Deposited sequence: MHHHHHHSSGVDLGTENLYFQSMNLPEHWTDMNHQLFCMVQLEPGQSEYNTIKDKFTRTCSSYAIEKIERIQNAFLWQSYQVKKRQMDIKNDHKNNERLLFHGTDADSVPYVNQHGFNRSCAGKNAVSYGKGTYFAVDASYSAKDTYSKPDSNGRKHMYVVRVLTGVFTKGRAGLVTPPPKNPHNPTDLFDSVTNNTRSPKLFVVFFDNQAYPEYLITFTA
């Protein structure tokens, strides 16, 4: 369980509200305000989910071996409705719950995830967006109807890309197709 996490009194899940103006809060706030400076942050919470973290770190170690080094991780955004926040905190992102495939979608820019279509305002005008560690690894352009990423070579049809995107040269979204390829690290509660 990582350093920057705070003690959980032998619990396996907790949401920890960050202290405004300390380094961790400022770092996450800056990633958001890069594209969402007109939105007001009410709070940022650190998601401390020991089981999801363990499963994600195992997939990371595997992808690091498979891809032979490489930076396989990106920090991306995911807007969700308030009704899905308890499920995601506890269980992460579930493809079963889609222009570039039937997976979970993550945005490069908070502004994309800040659309009311993704971060639906609740009865109080509050919107919710995760900052997500995503194992994007080696990626290719996606297409409608994919249930997994395409093969890297159709001569070896089981050796797959790790994720797909809208644009390989200048990506703005990534889609992953497997559980435990995405770890929800922070939850931003904000208003337009």
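- Gaps without C-alpha coordinates occur at 1-24, 122-126, with positions taken along the deposited sequence from 1.
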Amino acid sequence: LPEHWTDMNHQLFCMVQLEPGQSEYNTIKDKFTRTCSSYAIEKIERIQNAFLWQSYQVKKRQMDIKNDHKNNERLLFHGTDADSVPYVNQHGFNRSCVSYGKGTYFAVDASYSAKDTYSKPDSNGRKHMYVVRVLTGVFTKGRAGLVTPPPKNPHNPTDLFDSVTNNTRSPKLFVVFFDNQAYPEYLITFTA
From here on, numbers count along this sequence of modelled residues.
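Between two forms, the rigid core is the largest collection of C-alphas that superpose within 1.5 Å.
- Of the two segments 65-73 and 52-60, the one whose CA positions lie farther from the displayed form in 9 other deposited structures of this protein, once all are superposed on the rigid core, is 65-73.
- With each structure aligned by its rigid core, the stretch whose Cα atoms sit farther from this model in 9 other deposited structures of this protein, between 78-86 and 98-106, is 98-106.
- For the pair 166-174 and 6-14, the mean Cα B-factor is higher in 6-14.
- As recorded in the PDB entry, 149-157 is the stretch of 136-144 and 149-157 with the greater mean C-alpha temperature factor.
- Annotation for 128, 69, 59, 43: 69 ranks highest, by Cα B-factor.
- Residue-level inspection of the entry shows that, of 121, 92, 79, 103, 121 has the top Cα B-factor.
- In this PDB entry, the Cα temperature factor of residue 97 sits in the top third of its chain's modelled residues, the highest group.
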